[PDB]
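Per-entry structural report
Residue strings, one per chain:
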Protein chains: 2
Amino acid sequence: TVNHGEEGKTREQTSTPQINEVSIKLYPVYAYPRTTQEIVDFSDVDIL
Amino acid sequence: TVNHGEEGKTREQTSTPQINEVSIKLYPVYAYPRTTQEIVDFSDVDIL
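Parameters and conventions
- Residues numbered from 1 in each chain as written, not as in the entry; some residues may be left out.
- Chains lettered and ligands numbered in written order.
- Part of a larger assembly, values for the part shown.
- Heavy atoms only, no water.
- Helix = DSSP H or I, 4+ residues; strand = E, 2+ residues; numbered from the N terminus.
- Buried < 20%, exposed > 50% of the residue type's maximum accessible area, 1.4 Å probe, protein only.
- Areas by Shrake-Rupley, 256 points an atom, 1.4 Å probe, with all protein chains shown as cover.
- Patch = residues over 30% accessible without salt bridge, like charges linked within 9 Å, V, L, I, M, F, W, Y side chains within 5 Å.
- Salt bridge = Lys/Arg side-chain N within 4 Å of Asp/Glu carboxyl O.

Header annotation of the entry names cryo-EM as the structure determination method and lists the resolution as 3.24 Å.

Per the PDB entry, chain A goes by Major head protein and derives from Escherichia coli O157:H7 str. EDL933. The record lists its title as "Cryo-EM structure of the capsid-forming phage-inducible chromosomal island (cf-PICI) EcCI2".

Counting its regular elements, chain A contains one helix and zero strands. Expressed as lengths along the three principal axes of its C-alpha atoms, the size of chain A is roughly 95 × 15 × 5 Å. Residue burial in chain A is summarised as follows: out of 48 residues, 2% are buried. Accessible surface computed for chain A: about 5700 Å², of which carbon and sulfur atoms make up 55%.

Residue and element names in this part refer to chain B. On the surface, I39, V45, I47 and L48 cluster together into a nonpolar patch covering about 390 Å² of accessible area. Among the structural elements, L48 can be located in the segment after α1 (37-42). Note on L48: relative accessible area 74%, which makes it exposed.

The backbone phi angle of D46(A) is positive, close to 60°, even though this residue is not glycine. Structurally, the position occupied by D46(A) is in the segment after α1 (37-42).

Glancing now at the pattern of salt bridges. Using the criterion set out here, one finds three salt bridges over all chains in the structure. In this structure, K9(A) and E12(A) form a salt bridge, with 2.6 Å as the shortest nitrogen-oxygen distance. Residue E12(A) is classed as partly exposed on the basis of its relative accessible area, which comes to 45%. Taking the shortest distance from any N to any O, the salt bridge between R11(A) and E38(B) comes out at 2.7 Å. Of this pair, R11(A) sits in the segment before α1 while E38(B) is found in helix α1, placing the two residues in two different chains.

Turning to its location among the elements, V45(A) is positioned in the segment after α1. As for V45(A) and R34(A), which are separated by 11 residues in sequence, their C-alpha atoms are 17 Å apart.

Structure, rendered in structure tokens:
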């Protein structure tokens, strides 16, 4: 806040600015595809 | 003091001179005029 006051009028304590803290947590977006060894070995696509 | 002593009479004790202390205490004399910063800024004459 910014106060106005006057000539010869005492000055009140203005409220100090506030600070906010955003906690951006990290979280693992994992992929766990259980492919069989059958597909990898049999196919010529190299499915990995 | 000085005695007008004589011949037969003995010389009694004369009163010694007294010394006086003058205690001139240093006291503060002060002016504490509250001027508004407004008057300092706005006066055409150097108000301070």
